[PDB]
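> missing the sequence, but the structure's below:
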């Protein structure tokens, strides 16, 4: 699950 | 209170 | 720009001015700003920010937030201080030395983080409607409604898990009655592509 | 970092030309030798058409998961750069032999964009 | 119970009588009687059954049903039933290594009779259960499974009832969703697919 | 219980059966079962679960849920569950210094299943709870928190529900007071600010 | 309880849970909890409080209220509360000549919190209680004293409420008799003087 929905691309965890 | 209303950004005291 | 300080391009300044002037305060302003502030001194940040002509009210809100963050920084440290970060009381040479020394203290990075933190609140305030009021029109094509909902979600503010739950449920729970049956029939594990293509004809 | 002119052009193509198969090779034209941070910056800038961006995000997620299952050595989430540093990516691009994280990221995004076009 | 026989506590029988005189032999009598008589010696169960004697018709169906199992058994049938054996004898059968369960077997027979009694007092047959036009689906199943637990057909027949008959009698608004869900859908899927309708 | 194993008192199971057959698996079943089975050996819990067998669908979800935790455990999974172990063995695990809690762990697994069961029989999803035009606010929250205790999402998601969603669905007359109170207001403040409206 | 610690009987907790899940924290919870926990060691009371955890908001007000009394106490505050002390230690404090009452003191703190909780869930403030045009006076007082037992002001303020405010809000037909009876009239006189009206 690298990118959750809604979050911006490249957003660190 | 670093920045006062009305004063420009970065204006010295 | 640090190479020694380098003057910001008038092209960059004009582009940022036009972005703020035309794009209202739609969310894509946040990364666009981050695009034009790579390795920029706090003085450069002030020069970029001041040039905004209109929307002066919203800018003021931003100013307020800066103070709060600055106060918190002044609470952390009893060495640049909170007002030093904003550049209101720091020279260009001192700022260059701070992030040119080894190791360098990221004054530009922390200032940019503060400004982004303010801009998030600005965007939320300028956001038209809450995520909960997004409902599909009876005749609205499904693609447009899905895109509208996702734009609104990108606007709203919450932690990651709240967004995950919102995506998983709210979109289905607010669709038009026709597509509601199809969506509830599809299941919980259907990807977005399947959901949109299922109602594509409607 | 990319020039504001180059970044602006990519915005106009998405906004003006809407979505069409011509977009995908166009994206390759402006992405030559782009670090993962550059890809993220260029992607986020898209204002409208957010649903398609969500689809692209889902495709990236599936591709990264498959890569992670197939296998500092890059991980599944390391490729997109959301869990990495600019220094590490610069080193990977500079270390011999280079390991093209940008190439695989571009491939995944191209596949997603092809899917989006096939939708329209 | 056994601890040497121990008589049933006085309030316990009060709970059992409260079940018979008030529940009208609703399909939930079987579990309650299966609990209040747990680990009871066969003489004790006769003590509880004396409270069923208030209904002349109901008590009779037990007397026949026990008798059939009594002769079919051939401790003899009239001994395990407590008609002839004494209290000490029953304990010896139960307090044995390995034990010969007399009390449990007696409890097995009664439930057969009580199952027969429930079918008689059952209010409606399963085939007449129809969903209301505005009745929530969550309540409809609970009404349905109560009737099905009473009708007491074989195991396989029940499965066909809950896989096709349940869907068939649903209201038209819900019938669309349930049929569209597909054959063989589990119970969990059906309720969620009709949570708010 | 343990005092040497002690069987569950007969009236206790009657109380547990009274919960299942009458509450329709309302969100309050979990506390009651968490009480009536306190300090119970793993064999005992199987005795209580036999009363859930009346609902074919409901009992099944427990069998799967226990099995998943049984294999995930790998006393083995089929031993702590009481499928294979004997009564004396379970006591030895519990009557140990330090003890290895078998009964409590078994009770931990069941509640997971019962949580799954409650979500199924839950009457309405949280998003459909709307305040009545004349409904007192004191009653509205009690209705709301019952549903929220059932929907059973993660911890963080619940907080967002009770800080924004609750205010959002309030009636217009109350919505004015609640919104005017300010963000982050605690539950105590909200009710007092709308005591008589 | 102590007889050596004795665990709370399983059915007792069932009664306590039945109070919380069904009475909606009506002003009568305080007496019932004051009874079901009589002579209970401080560890036991924590066992009962775990059933209040079903309401996230309600349980929180207890955690703060205990903590205030815990620090104000400074067996330490975290020891009498059972957060740190062990079962044997608590008995030693209680089984002493003369005893140091830990369980009773803990019970004193909780009731303060439960009093706070009741005021929150109280349906209406006292000043909004008005007699019905045809409502019998015998029922009106019972409704009134329930609210007054909840509002929980000081002792003196209550006396003024029940000597003037009660008469003031009565219906006009009864107000004539009550006012004519004279100031300072006891409760017994007022009801008899309006027995059938």
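Yep, that arrived. Numbering: from 1, shown residues only, chains lettered A, B, ... in the order given.

> For chain D, what's its nearest residue on chain A.
Going by C-beta to the nearest C-beta, chain D is nearest to residue A:10 of chain A, at 3.3 Å. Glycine gets a C-beta too; all of them are placed from N, C-alpha and C.

> now that residue, what's its secondary structure?
Three-state assignment for residue A:10 (DSSP: H, G, I helix; E, B strand; the rest coil): coil.

> What about the nearest residue to it once chain neighbours are set aside, how many residues nearby?
Distances taken as C-beta to C-beta, 6 or more residues apart in numbering or on different chains place residue D:40 nearest to residue A:10, at 3.3 Å, with adjacent residues excluded. For residue D:40, the neighbour count with other C-beta atoms under 10 Å in any protein chain shown is 20.

> separation between residue D:40 and chain B?
Going from residue D:40 to chain B by C-beta to the nearest C-beta, to the nearest Å gives 28 Å.

> pretty sure the residue of chain A closest to chain D contacts residue D:37?
Yes. Under the criterion of C-beta atoms under 8 Å, residue A:10 makes contact with residue D:37 at 6.8 Å.

> tell me, what's touching the two both at once?
Common neighbours of residue A:10 and residue D:37, using C-beta atoms under 8 Å, 6 or more residues apart in numbering or on different chains, are residue D:81.

> ok, residues contacting stretch C:70-88?
So stretch C:70-88 is contacted by B:2-3, B:9-13, C:41-43, C:45-46, C:66, C:89-90, C:94-95, C:98, C:105, C:107, C:110-111, C:114 (C-beta under 8 Å, 6+ apart).

> So the most centrally placed residue in chain C: helix, strand or coil?
Nearest to the mean C-alpha position of chain C, by C-alpha atoms, centre = their mean, lies residue C:30 at 3.6 Å. Following three-state DSSP, we place residue C:30 in the helix state.

> who's in contact with it?
Contacts here follow C-beta under 8 Å, 6+ apart; on that basis residue C:30 touches C:116, C:119-120, C:123.

> Show the secondary-structure elements that the strand or helix carrying residue C:12 is packed against.
Per DSSP states H and E, residue C:12 falls inside helix C:10-22. Helix C:10-22 sits against helix C:29-35, helix C:42-50, helix D:4-16, with contacts defined as 3 or more C-beta pairs under 8 Å, 6 or more residues apart in numbering or on different chains; DSSP states H and E.

> Touching that helix from outside, list them.
In this structure, residues lying in contact with helix C:10-22 by C-beta under 8 Å, 6+ apart are C:29, C:32-33, C:36, C:47-48, C:51-55, D:4-5, D:8.

> so that helix versus helix C:56-76, what angle?
Using axes from the mean of the first three to the mean of the last three C-alpha atoms, to 10 degrees, the direction of helix C:10-22 lies 110 degrees away from that of helix C:56-76.

> Would you agree residue C:117 is in contact with residue C:65?
Yes. Using C-beta under 8 Å, residue C:117 is in contact with residue C:65, at 6.4 Å.

> quick one, phi/psi of residue C:190?
Backbone dihedrals for residue C:190, given as degrees, to the nearest 10, come out at phi -70, psi 130.

> Output the residue of chain A whose distance to chain B is smallest.
Nearest residue of chain A to chain B, counting by C-beta to the nearest C-beta: residue A:8, 25.8 Å away.

> which ones are touching that residue?
Neighbour list for residue A:8: C:31, D:40, D:44 [criterion: C-beta under 8 Å, 6+ apart].

> who touches the closest residue to the last one other than its chain neighbours in this structure?
What it means is residue D:44. Leaving aside its chain neighbours, residue D:44 sits nearest to residue C:31 (4.0 Å; criterion: C-beta to C-beta, 6+ apart). Contacts for residue C:31 (C-beta under 8 Å, 6+ apart) come out as A:8, D:41, D:44-45.

> Let's see that with 10 Å instead.
Neighbouring residues of residue C:31 by C-beta atoms under 10 Å, 6 or more residues apart in numbering or on different chains: A:8-10, C:116, D:7, D:40-46.

> Isn't residue C:55 up against residue C:125?
No. Assessed by C-beta atoms under 10 Å, residue C:55 is found out of contact with residue C:125, at 11.6 Å.

> centroid residue for chain A?
Central residue check for chain A by C-alpha atoms, centre = their mean: the C-alpha nearest the mean position is that of residue A:3, 3.5 Å away.

> Give me the nearest residue to that one, chain neighbours excluded.
Spatial nearest neighbour of residue A:3, excluding adjacent residues (C-beta to C-beta, 6+ apart): residue D:57 at 4.7 Å.

> Next, work out how far apart that neighbour and chain E are.
Counting by C-beta to the nearest C-beta, the gap from residue D:57 to chain E is 27 Å.

> do the same with residue A:2
Remark: distance between residue A:2 and chain E (C-beta to the nearest C-beta) = 29 Å.

> Next up, the contacts around that residue.
A:9-10, A:13, D:57, D:60-65, D:67-68, D:75-83.

> could you redo the last one with a cut-off of 6 Å?
D:61, D:64, D:77, D:80 (C-beta atoms under 6 Å, 6 or more residues apart in numbering or on different chains).

> Can you tell me which of the residues you listed is nearest chain E?
Within the contacts of residue A:2, proximity to chain E (C-beta to the nearest C-beta) peaks at residue D:61, which comes in at 25.7 Å.

> one step back: the helix holding residue C:12 vs helix C:42-50, what angle?
40 degrees.
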